[PDB]
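Architecture and fold: a report
Below are the chains, spelled out letter by letter.
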Amino acid sequence: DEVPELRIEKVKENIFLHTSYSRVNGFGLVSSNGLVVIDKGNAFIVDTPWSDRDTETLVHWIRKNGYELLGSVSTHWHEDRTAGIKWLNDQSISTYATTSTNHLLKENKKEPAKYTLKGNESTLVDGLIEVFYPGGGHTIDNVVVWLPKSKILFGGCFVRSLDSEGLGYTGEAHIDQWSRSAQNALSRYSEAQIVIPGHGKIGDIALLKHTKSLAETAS
Ligand SMILES: [Zn+2]
Ligand SMILES: [Zn+2]
């Protein structure tokens, strides 16, 4: 039960991908994706690392590199997205999640984000980061994050990588809605050039298409 260390790798100008891991009953060591988005000296975090140590590591690197850290958002409630919220709260770094995500954190006796994003859409950092509820999928609360300056959509675990043979854990999934929700995102972000899933390799808008088809067959 050793697990690698976090890493952080430039995706393109001002966008870094953070990868970290956890060991999971009946599945093993599992990688997990998140971002650091930069705009003119400012950093915002999309999803936390899957542990405090990795969260700490990630923050230190943001500070070391001189960025002002405006906060983090989580894209659904499960630990792989939110584990670091508590540590972040205690170090007075602002945490965000939607209403529906915060409800499920509390309702599952987890530390809630400090601030709450209301409605289906919200913006963060002067329009640099948009948050959108495409509808039910992986979970009832899942949101995507769109980065218009970069033409990047961070799908979170709402989007499956191309080599996924299925939808992953569907205990809390809305399988029959997922296909429509995926289509909602496809219509809305036809401009998207890079799409980043919650687990696995990044690609283009093809990931949203594959995810859509997976939802169709899972029905
Ligand atoms: Zn999940
Ligand atoms: Zn996930």
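Residues numbered from 1 in each chain as written, not as in the entry; some residues may be left out. Chains lettered and ligands numbered in written order. Heavy atoms only, no water. Residues with missing side-chain atoms left out of burial classes, pairs and counts.

Looking at the method and resolution fields of the entry, one finds X-ray crystallography and 2.20 Å.

1. Brief notes about the coordination of the zinc ion (ligand 2)
Protein-derived coordination of the zinc ion (ligand 2) comes from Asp80 (OD), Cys157 (SG) and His199 (NE2), at a distance range of 2.2 to 2.3 Å. Sequence positions of the residues that donate to the zinc ion (ligand 2) give the spacing D-x76-C-x41-H. A separation of 4.0 Å is found between the zinc ion (ligand 2) and the zinc ion (ligand 1). Here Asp80, found in helix α2 (residues 79-82), pairs with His199, found in the loop between β12 (194-197) and α6 (206-218); they are 119 residues apart in sequence, far enough to count as distant. Judged by its relative accessible area of 8%, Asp80 falls in the buried class. (Donors = N, O, S within 2.8 Å, 3.2 Å for Na, K, Ca; no water. Helix = DSSP H or I, 4+ residues; strand = E, 2+ residues; numbered from the N terminus. Buried < 20%, exposed > 50% of the residue type's maximum accessible area, 1.4 Å probe, protein only.)

2. A closer look at the coordination of the zinc ion (ligand 1)
Within the protein, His76 (NE2), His78 (ND1) and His138 (NE2) serve as the donor atoms for the zinc ion (ligand 1), at 2.0 to 2.3 Å. Donor residues binding the zinc ion (ligand 1) come from one chain and are separated in sequence as H-x1-H-x59-H.

3. Overview of the packing of aromatic side chains
By the definition in use, this model includes seven aromatic pairs. Members of the aromatic cluster, each reached through a chain of ring pairs, are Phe16, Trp61 and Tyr67. The ring of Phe132 carries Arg188 above its face, with NZ or CZ at 4.4 Å from the centroid. (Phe/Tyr/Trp six-rings, centres within 6.5 Å; stacked < 30°, edge-to-face > 60°. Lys NZ or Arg CZ within 6 Å of the ring centre and 35° of its normal.)

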